[PDB]
Amino acid sequence: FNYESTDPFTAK
Amino acid sequence: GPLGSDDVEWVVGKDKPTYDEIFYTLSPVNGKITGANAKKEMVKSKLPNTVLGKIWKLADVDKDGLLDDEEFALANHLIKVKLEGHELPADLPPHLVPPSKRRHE
Ligand SMILES: [Ca+2]
């Protein structure tokens with residue numbers, strides 16, 4: 001699926 | 001099911017009250033801290049977002065963007081594992097993950 005990132009780390 | 005034969009000693013449960021004390025002193029939301037408070041703590045750990053990120057993705061038991069009591073415990077645990085001079089293998093053994101994620105087969 002389209003990634004799984006909602007974490008405050010991988011947002012930048 | 002309490003009392004039986006299947007007992008799993010959660011490793012991070014022995015030194016959890018420390019992260020519990022920190023948990024409540026970070027200002028939690030409904031008993032669960034958000035990625036804000038957690039990330040603030042994790043950056044005060046002085047670790048890179050890469051390490052912190054993999055920590056989160058392993059420690060987020062609910063997979064809910066939040067850190068509950070057990071989730072934050074895992075997070076802080078992996079952080080101090082790095083402090084002890086170790087690495088995070090991106091694996092989560094059955095006795096590293098809270099037994100609340102187990103199905104009935
Ligand atoms: Ca969580």
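Per-structure values
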| item | result |
| --- | --- |
| Summed side-chain charge close to B:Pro28 - residues other than B:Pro28 whose Cβ falls under 11 Å, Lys, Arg +1, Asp, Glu -1 | -2 |
| Cut-off of 10 Å, at most 11 other beta carbons, DSSP loop: longest stretch of chain B lacking such trypsin sites (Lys or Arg not before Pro) | B:64-101 |
| Cα-based radius of gyration of chain B once divided by 2.2 N^0.38 Å, which approximates compact folds | 1.07 |
| Charge dipole (chain B, unit charges on Cβ, about Cα centre) - positive-most of B:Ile22, B:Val43, B:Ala73 | B:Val43 |
| Local electrostatic count, A:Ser5, Cβ distance below 15 Å [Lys/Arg +1, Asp/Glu -1] | +1 |
| Assigned charges on the beta-carbon of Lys, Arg, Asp, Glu; chain B dipole about Cα centre (debye) | 500 debye |
| Dipole in debye (nearest 20) - the protein assembly as shown, about Cα centre, beta carbon charges: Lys, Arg +1; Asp, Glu -1 | 540 debye |
| Summed side-chain charge close to B:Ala59 - residues other than B:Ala59 whose Cβ falls under 11 Å, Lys, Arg +1, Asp, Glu -1 | -3 |
| Candidates B:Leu67, B:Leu52, B:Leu83: whichever shows maximal mean-square fluctuation once chain B is modelled as a Gaussian network with Cα springs under 10 Å | B:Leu83 |
| Farthest positive-ward along the protein assembly as shown dipole, Cα basis, beta-carbon charges - from B:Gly31, B:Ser100, B:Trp10 | B:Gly31 |
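Rule-based calculations on the coordinates, nothing more; no lab input. Note that each Cβ is placed from the backbone with ideal geometry, even for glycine, and that neighbours are counted across all protein chains shown.
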